[PDB]
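Taken together, the values in this text are just the output of simple stated rules run on the coordinates, not laboratory data. Here the Cβ positions follow ideal geometry from the backbone for every residue, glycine too, while neighbour counts run over all protein chains shown.
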Amino acid sequence: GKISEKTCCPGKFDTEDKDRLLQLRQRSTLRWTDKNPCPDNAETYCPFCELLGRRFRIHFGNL
RNA sequence: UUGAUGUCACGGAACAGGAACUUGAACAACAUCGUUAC
């Protein structure tokens with residue numbers, strides 16, 4: 001859990017509503033550095049949460 | 001022609017059963033072709 005010099009938070013993989021989300025995970029997410037992804041209204045984030053997306057941060061277009 | 005905080009589809013052998021088989025001495029003798037004459 002060390003990209004270049006910063007640590008990485010375990011990320012959040014649990015929403016509240018389930019009307020969207022055509023499918024859910026059944027995979028047993030890989031674990032490292034037991035901590036908490038606490039801040040929901042933050043100002044800085046762990047690089048994994050900058051890859052997740054918490055208008056768009058990183059946008060993937062169609063191929 | 002997708003929408004985002006959540007995709008084990010490399011998560012799944014086009015697989016499993018059905019005799020190209022059955023019947024047959026490489027052997028042998030009587031003709032062929034039509035009209036002539038009162």
Note to self, chain A gives a 222 nm [θ] from helices alone (DSSP H runs n ≥ 4, -39500 (n - 2.57) apiece, / all residues, nearest 500) of -2000 deg cm²/dmol
If you take the beta carbon distance between A:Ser4 and A:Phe60 as r and set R0 to 22 Å, what does 1/(1 + (r/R0)^6) give as a FRET efficiency, to the nearest 0.05?
0.45
With eigenvalues of the C-alpha gyration tensor scaled by 5 and rooted, chain A, Å
21, 17, 14
Residue (of A:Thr29, A:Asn62, A:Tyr45) at the positive-pole extreme of the stretch A:7-63, dipole from beta-carbon charges:
A:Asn62
